[PDB]
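Notes to accompany the following structure.
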Amino acid sequence: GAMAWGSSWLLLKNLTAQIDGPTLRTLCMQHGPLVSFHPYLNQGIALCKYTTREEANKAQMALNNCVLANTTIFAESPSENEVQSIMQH
């Protein structure tokens, strides 16, 4: 008799292998509160968790389809099953 809860998850993608993203991680925290974040430069992906569902959706709308000088940032919402796949290598 176990109960399942829905949690806010955001995945940001299309990061170059040449990313050092401490500034990238800090920017995500400013947009929404950050419980935990793991950014990968090499794969060009970063996965982060938000405190509430509404803050997560707002973060995706701003990060998705977002253009910065000479680089493009995309945002997607992986399934909770897809989030587990990322945690497992």
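Letters A, B, ... mark the chains of the structure tokens in the order given; residue numbers begin at 1 per chain; ligand numbers begin at 1, in order shown.
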All residues 7 Å or closer to range 5-19 of chain A, only C-alpha atoms, same chain fewer than 6 positions away omitted, as a compact mmCIF listing (two decimals) with C-alpha atoms, in the first residue's frame:
# COMPACT_ATOMS: atom_id res chain seq x y z
CA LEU A 41 28.95 19.54 -19.84
CA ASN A 42 30.16 16.49 -21.82
CA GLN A 43 26.72 15.04 -22.68
CA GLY A 44 25.37 18.62 -23.05
CA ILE A 45 22.54 17.97 -20.55
CA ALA A 46 21.71 19.22 -17.03
CA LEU A 47 19.00 17.86 -14.68
CA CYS A 48 17.57 19.92 -11.77
CA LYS A 49 14.65 19.62 -9.30
CA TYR A 50 12.35 22.48 -8.19
CA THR A 51 10.43 22.86 -4.89
CA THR A 52 6.89 23.24 -6.36
CA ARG A 53 5.13 22.20 -9.61
CA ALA A 56 9.06 24.20 -12.41
CA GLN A 60 10.83 25.54 -18.47
CA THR A 72 21.00 27.90 -27.91
CA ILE A 73 19.36 26.49 -24.74
CA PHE A 74 16.35 24.14 -24.92
CA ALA A 75 14.07 22.91 -22.09
CA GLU A 76 12.06 19.66 -21.86
CA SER A 77 10.04 17.81 -19.17
CA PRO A 78 11.26 14.18 -18.99
Strand (DSSP E or B) residues, from DSSP on the backbone, in chain A, as a PyMOL selection string: chain A and resi 9-13+34-40+45-50+66-68+71-76
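The spacing separating CA of residue 25 in chain A from CA of residue 39 in chain A amounts to 7.2 Å.
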d(CA of residue 28 in chain A, CA of residue 63 in chain A) in Å: 8.8 Å
